[PDB]
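Data first, discussion second: the structure below is written as structure tokens.
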Ligand SMILES: NS(=O)(=O)c1ccccc1
Ligand SMILES: [Zn+2]
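In PDB author numbering, the protein residues as written are 3 to 125, 127 to 261.
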């Protein structure tokens with residue numbers, strides 16, 4: 003039937019319905035820190051989330067999304083490698099069944115316990132559905148999670164997960180501040196890539212932060228209690244919802260720092 007992360011419908015199968023899976027600019031990738039080139043002409047990132055308006059949290063059967071009002075310039079990303087203004091639409095995570103795996107990007111082949119994706123679309128294209136059809140349509144800010152001390156700013160998300168256990172459930176989720184999920188440094192690597200789930204469209208400028216955030220064992224354990232299935236269907240835990248690293252091909256990863 004349809005795509006997912008199991009033995010019979012996982013990443014190795016996606017190319018049959020989505021041939022772009024074997025394309026020229028697929029994500030995620032391994033970030034080889036010694037091969038990445040410092041680019042002194044790259045600007046500092048500008049993350050402007052003070053006016054962000056969260057609305058809802060949704061289990062979509064693949065992850066959970068915290069969704070934002072993107073009908074005005076309320077929470078925007080600019081600068082760095084980007085030309086123009088990109089509006090925050092949603093964030094979500096990918097995570098593992100074990101602390102030793104779960105991230106999509108890797109760093110010198112190292113896997114982190116999870117990865118946060120803050121998804122933004124280029125305002127010159129008018130809406131998200133048009134943006135994904137463009138080579139410079141999206142900017143995704145990727146942040147690694149390691150297991151250690153708790154992240155206080157994540158706790159409001161963890162506590163609502165019981166109310167969206169199964170595919171298709173949603174809950175009101177207002178007044179959440181995504182600034183509480185950011186590390187101290189905004190040093191980053193950047194490369195042109197794709198969505199990491201079907202439809203795997205090649206529309207993303209990836210900006211991956213060098214500094215991970217730490218979350219507690221209890222926080223990530225709660226992610227692992229979510230379900231891929233709908234209510235009343237056989238229970239399958241939502242774990243290991245990550246795509247592995249794809250070939251770099253004809254691309255260079257640039258660093259904002261040395
Ligand atoms: N995982 S990802 O590339 O950030 C992604 C973002 C939006 C839709 C589908 C995938
Ligand atoms: Zn993602």
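The beta-carbon is built from N, C-alpha and C at its ideal position, and this holds for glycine as well.
**Ranges of the beta strand (DSSP E) found wholly within the segment 136-165, counting only runs of at least 3** = 141-150
**Prompt:** Fully enclosed by the segment 153-230, which alpha helix (DSSP H) runs are 4 residues long or longer?
**Reply:** Annotation: the segment 153-230 contains the following complete segments of the alpha helix (DSSP H) (minimum length 4 residues), in chain order: 158-163, 220-226.
**Message:** Could you check whether the segment 73-85 touches the segment 212-228, counting it as contact only if at least three pairs of C-beta atoms, one from each stretch, sit closer than 8 Å?
**Reply:** The segment 73-85 vs the segment 212-228: no contact.
**Among 128, 223, 132, 255, nearest to residue 102 - alpha-carbon criterion** = Each of 128, 223, 132, 255 was checked against the Cα of residue 102, and the nearest Cα belongs to 223.
**Asked** Is residue 199 near ligand 2, with its Cβ less than 8 Å from a heavy atom?
**Response** yes
**Prompt:** Under 9 Å between the Cβ atoms of residue 94 and residue 67?
**Reply:** A contact, by the Cβ cut-off of 9 Å.
**Asked** What residue range is occupied by the uninterrupted beta strand (DSSP E) comprising residue 80?
**Response** 78-81
**Asked** Does DSSP classify residue 262 as helix, strand or coil?
**Response** Residue 262 is absent from the structure shown; the chain starts at 3 and stops at 261.
**Asked** Do the segment 157-168 and the segment 51-58 meet, that is, are 3 or more Cβ pairs less than 8 Å apart?
**Response** Judged by Cβ distances under 8 Å, the segment 157-168 makes no contact with the segment 51-58, as fewer than three pairs qualify.
**Request:** Tell me whether residue 9 sits in a helix, a strand or coil according to DSSP, three-state version.
**Result:** coil
**Request:** May I ask you to report which of helix, strand or coil DSSP gives residue 51?
**Result:** coil
**Item:** Cβ distance (whole Å) where residue 245 is taken to contact residue 15 below 8 Å
**Value:** Going by Cβ atoms, the distance from residue 245 to residue 15 rounds to 15 Å, so no, they are not a contact pair.
**Request:** Identify, in the order they occur along the chain, each residue of the same chain with its Cβ nearer than 6 Å to the Cβ of residue 42, setting aside the five sequence neighbours on each side.
**Result:** Within its own chain, no residue has a Cβ closer than 6 Å to the Cβ of residue 42 once the five positions on either side in sequence are excluded.
**Asked** Taking buried to mean at least 16 other C-beta atoms within 10 Å of its own C-beta, is residue 105 buried or exposed?
**Response** Burial is judged here by how many other beta carbons sit within 10 angstroms of a residue's own beta carbon; residue 105 has at least 16 and is buried.
**Message:** Per the DSSP calculation, residue 89 is bridged to which residue(s)?
**Reply:** 78, 123
**Message:** Nearer than 8 Å: is that true of the beta carbon of residue 68 relative to any heavy atom of ligand 1?
**Reply:** Answer for residue 68: no, Cβ out of range of ligand 1.
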